[PDB]
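Chemist: This is the structure I want to talk about, given as structure tokens.
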Amino acid sequence: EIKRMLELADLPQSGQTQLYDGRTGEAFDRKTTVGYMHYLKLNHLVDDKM
Amino acid sequence: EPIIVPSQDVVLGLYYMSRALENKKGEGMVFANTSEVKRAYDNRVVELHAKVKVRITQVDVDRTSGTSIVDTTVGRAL
Amino acid sequence: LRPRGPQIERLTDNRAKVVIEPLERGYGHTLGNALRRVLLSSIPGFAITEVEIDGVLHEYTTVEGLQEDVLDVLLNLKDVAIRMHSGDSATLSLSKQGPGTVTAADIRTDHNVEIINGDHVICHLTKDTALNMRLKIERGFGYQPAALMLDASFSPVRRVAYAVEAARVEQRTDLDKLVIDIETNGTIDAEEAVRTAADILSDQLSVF
Amino acid sequence: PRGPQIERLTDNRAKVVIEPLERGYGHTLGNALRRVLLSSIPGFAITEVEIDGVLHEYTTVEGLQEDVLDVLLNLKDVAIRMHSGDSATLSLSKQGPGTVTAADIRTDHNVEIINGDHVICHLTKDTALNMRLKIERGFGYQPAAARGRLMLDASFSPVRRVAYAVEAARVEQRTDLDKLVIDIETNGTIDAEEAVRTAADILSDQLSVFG
Amino acid sequence: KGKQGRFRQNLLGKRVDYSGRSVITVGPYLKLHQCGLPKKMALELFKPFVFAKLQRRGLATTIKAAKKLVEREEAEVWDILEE
């Protein structure tokens, strides 16, 4: 099902695409996993502990 | 044993650099020293995993200098 | 922000260290990369591409008659540097005199071509009847592999390594400091090489 | 040498073609122009917002559906192109029910506003909305801390994303000369020609330290 | 006796001054013998040496003006803290 939802759009099957480095402009040797992850922020701040 | 050991992200790069492959671009040639290996790798004409016989100069402690030819990898020469 | 420099430190006779003023955030790394690749594979020069040694010359290692092997002779002739005038090709002839020690300053020089280093040995001679060698010079721009045939490094520099350190003025804190290490073979100065690289990049940006 | 060739796929996103470069000149020029087009070009944005009925940025005003922070983010979302001058002041007057767009503001002859399909706020009751804005010039990202009066962050960057790729051009020359294409996606404020023009100007001013 | 007595909470382990704590991140540009430190944290820790150097440099006649110059946070107190 995940492979079908990936193949429905103009997206690769394995979920790994080749991205270039922004510092030197060269290409990496392998393809990395790129995607959107639901990332949140905790309550342990740096001002409370320093 | 020393308590300072290289951790996972640097031994991963060292294991990726030290490995050798069978068929890659730029293998079977002879290089003069380490600087020629660096100049060949930085111009993207030789792969990182290639069986390339290089020549390196190292001294031996008991200090006598010597030169030899070893059949190593490009990453091991770097 | 315009940097004030560049300060250069000559710690060796051929290796230098260029210290630039703290630039803006992000300019230092792209300026270091755009100077590094231009210094590496854009500056033209002269090198040795092929040799013609007298004798059998059936293979690259199947030879005898000297103290060292001919492979070490080829690797020592490959690592030497040579400059010339604006002519394209040049043919040189190297011949020894007897069982001694030959250096780089033994080639029959022409008025058009010059030799950089004089104290640089290639092999040791222990027997009589030393053979003569013929050499050819071709002008290139970067690095060329073999594909009697040898490799050639037409670039005048040997190794270029740049690093971005942390330096800050009393007003702002996020500034990048660029330190470039240049190891020229000796045919040109390191500051002159950086100046010609910046001039080449400035012309390539001013054409567009 | 021949000059940059301009393609027009979208009125907001253009594409430039540079050819013919030598071997080993596409990647460095592409990465340098990409980094400078990303984080060097100055632009115009809204810095402070002065409303008569809104005291601080956490209160609620009668007649407005959204809060004040939504209006501040929608004012941060829009883009303003100014011809001349380093400062400006724009005021808007909209009362009664209906949506409030970016085209409903009062602009000057030199201050040009995009048509603004994105709405700013939503009005329901018959409450007048007198809001004064201020435009300033700058480059990069400036926070509200380090610079009845409100303060808003500003992102002086008209360029959204820059990509490039190096392709080979079959031309009768001494070697294999490669070309490159650069597709610049902006917000309609800056054009793709003066952007790479001021990028080359920034490169020529940065490379003037040597010699 | 006990863990919360006057022998384990005040004699073996004592609360000390000239000290603080913070979270730690990773720094790859540092060396082995050096580490990082925040600006306000090092200004709070090295406050007596900053006061002594401000009295020696002559920027403040008394320690009250030196303390007000520290809390004013100009560039000279950053020069003193860096030195």
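Following the order of the structure tokens, first chain is A, next is B, and so on, with residues numbered from 1 inside each chain and ligands from 1 in the order they appear.
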To test your reading of the structure, identify every residue in chain A that backbone DSSP assigns to strand (DSSP E or B), and report it as a list in words.
Modeler: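 Matching residues, listed in order: residues 16, 17, 20, 27, 32 and 33 of chain A.
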Chemist: Per residue of chain E within 12 Å of chain C, what are the shortest atom pair and its distance in Å to one decimal, counting only C-alpha atoms, with rows by chain and residue number, as CSV?
Modeler:
residue,atom,partner,partner_atom,distance
E:28,CA,C:165,CA,11.7
E:29,CA,C:165,CA,8.1
E:30,CA,C:165,CA,10.2
E:39,CA,C:173,CA,11.3
E:74,CA,C:170,CA,9.7
E:75,CA,C:170,CA,6.3
E:76,CA,C:170,CA,8.9
E:77,CA,C:170,CA,10.6
E:78,CA,C:170,CA,7.9
E:79,CA,C:170,CA,8.0
E:80,CA,C:170,CA,11.8
E:82,CA,C:170,CA,10.7
Chemist: Keeping only N, CA, C and O atoms, write the selected residues to a file as an mmCIF file, in the first residue's frame.
Modeler:
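part35.cif, freshly written:
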data_model
loop_
_atom_site.group_PDB
_atom_site.id
_atom_site.type_symbol
_atom_site.label_atom_id
_atom_site.label_comp_id
_atom_site.auth_asym_id
_atom_site.auth_seq_id
_atom_site.Cartn_x
_atom_site.Cartn_y
_atom_site.Cartn_z
ATOM 1 N N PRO E 28 32.102 19.655 16.708
ATOM 2 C CA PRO E 28 33.145 18.977 15.928
ATOM 3 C C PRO E 28 34.344 19.851 15.609
ATOM 4 O O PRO E 28 35.407 19.310 15.278
ATOM 5 N N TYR E 29 34.212 21.174 15.696
ATOM 6 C CA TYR E 29 35.310 22.077 15.376
ATOM 7 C C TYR E 29 36.277 22.274 16.534
ATOM 8 O O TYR E 29 37.351 22.849 16.328
ATOM 9 N N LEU E 30 35.930 21.819 17.735
ATOM 10 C CA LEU E 30 36.790 21.997 18.892
ATOM 11 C C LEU E 30 37.947 21.001 18.862
ATOM 12 O O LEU E 30 37.967 20.045 18.084
ATOM 13 N N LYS E 39 28.381 32.694 26.829
ATOM 14 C CA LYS E 39 28.912 34.020 27.129
ATOM 15 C C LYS E 39 28.432 34.526 28.485
ATOM 16 O O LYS E 39 29.239 34.982 29.303
ATOM 17 N N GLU E 74 28.583 46.322 27.498
ATOM 18 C CA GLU E 74 29.227 46.955 26.357
ATOM 19 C C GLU E 74 30.281 46.005 25.786
ATOM 20 O O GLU E 74 30.356 44.833 26.162
ATOM 21 N N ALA E 75 31.110 46.498 24.867
ATOM 22 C CA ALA E 75 32.122 45.660 24.233
ATOM 23 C C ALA E 75 33.384 45.503 25.069
ATOM 24 O O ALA E 75 34.115 44.517 24.889
ATOM 25 N N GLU E 76 33.654 46.444 25.980
ATOM 26 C CA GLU E 76 34.865 46.365 26.789
ATOM 27 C C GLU E 76 34.793 45.233 27.804
ATOM 28 O O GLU E 76 35.819 44.613 28.106
ATOM 29 N N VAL E 77 33.598 44.927 28.318
ATOM 30 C CA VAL E 77 33.477 43.788 29.224
ATOM 31 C C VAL E 77 33.626 42.477 28.453
ATOM 32 O O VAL E 77 34.123 41.487 29.000
ATOM 33 N N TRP E 78 33.286 42.464 27.157
ATOM 34 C CA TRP E 78 33.553 41.279 26.348
ATOM 35 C C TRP E 78 35.041 41.132 26.064
ATOM 36 O O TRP E 78 35.559 40.010 26.025
ATOM 37 N N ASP E 79 35.745 42.255 25.883
ATOM 38 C CA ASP E 79 37.197 42.208 25.718
ATOM 39 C C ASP E 79 37.880 41.712 26.992
ATOM 40 O O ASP E 79 38.816 40.904 26.928
ATOM 41 N N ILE E 80 37.397 42.161 28.155
ATOM 42 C CA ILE E 80 37.948 41.715 29.434
ATOM 43 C C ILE E 80 37.663 40.232 29.659
ATOM 44 O O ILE E 80 38.548 39.475 30.083
ATOM 45 N N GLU E 82 37.161 37.983 27.335
ATOM 46 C CA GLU E 82 37.966 37.203 26.403
ATOM 47 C C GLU E 82 39.429 37.161 26.826
ATOM 48 O O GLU E 82 40.105 36.148 26.612
#
Chemist: Applying 12 Å and only C-alpha atoms, which residues near residue 35 (chain A) remain after dropping the ones on its own chain fewer than 4 positions away? List them as number ranges by chain.
Modeler: A: 6, 11-12, 14-17, 39
Chemist: Quick check for you: according to DSSP on this backbone, which residues of chain B are classed as alpha helix (DSSP H)? Reply as an MDAnalysis selection string.
Modeler: chainID B and resid 8:18 34:42 74:77
Chemist: Please provide the set of residues having any atom within 10 Å of residue 63 (chain E), restricted to only C-alpha atoms, with same-chain residues fewer than 5 positions apart removed, written as a VMD selection string.
Modeler: chain E and resid 51 to 52 54 to 55 68 to 69
Chemist: Keeping only C-alpha atoms, take the residues you just selected and write them out as a PDB file, in the first residue's frame.
Modeler:
ATOM      1  CA  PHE E  51      36.046  43.052  38.319  1.00  0.00           C
ATOM      2  CA  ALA E  52      39.780  42.893  39.104  1.00  0.00           C
ATOM      3  CA  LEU E  54      38.280  46.411  35.229  1.00  0.00           C
ATOM      4  CA  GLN E  55      39.816  47.909  38.373  1.00  0.00           C
ATOM      5  CA  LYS E  68      26.972  48.666  36.398  1.00  0.00           C
ATOM      6  CA  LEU E  69      29.315  48.476  33.393  1.00  0.00           C
TER       7      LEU E  69
END
Chemist: Between CA of residue 189 (chain D) and CA of residue 22 (chain A), what is the distance, to one decimal in Å?
Modeler: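 If I compute the distance from CA of residue 189 (chain D) to CA of residue 22 (chain A), I get 25.0 Å.
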